[PDB]
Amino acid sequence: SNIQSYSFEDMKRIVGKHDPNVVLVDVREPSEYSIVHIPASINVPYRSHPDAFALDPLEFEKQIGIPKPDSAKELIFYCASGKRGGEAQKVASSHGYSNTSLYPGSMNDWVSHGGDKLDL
């Protein structure tokens, strides 16, 4: 099946559901993440940690500083304009994550549509 992809409106719905089995994987650099991010997302920088989603759990936490996401969850990948999100999705899907998705529009899309002004 085609990788599941989400529009802004789809993402707004997903954020508002607070689904415990969904992980929002923002692969921008930490400096980009600090400017603005979706609440409750995680930051797993692609540029500085391109192999992150290939690491075992112990090494993931040493390198990234947060726990390795549970592979049973749906991981939704994005960056700023989408390229890095797409690359990171490929790493994860090739390393044991069977439920992965894209937010192609990424944080540029989120901010363009005013997502940063939501409180969902």
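Residue positions are given as counts along the sequence shown, with the first one as 1.
Taking the PDB entry as given, 61 to 69 carries the higher mean Cα B factor of the two stretches 61 to 69 and 77 to 85.
When the C-alpha B-factors of 27 to 35 and 51 to 59 are averaged, 51 to 59 comes out higher. Residue set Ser101, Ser112, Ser106, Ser98: peak C-alpha B-factor at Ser98 (per PDB entry). Among all modelled residues in this chain, the alpha-carbon of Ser41 has a temperature factor (C-alpha) in the middle third.
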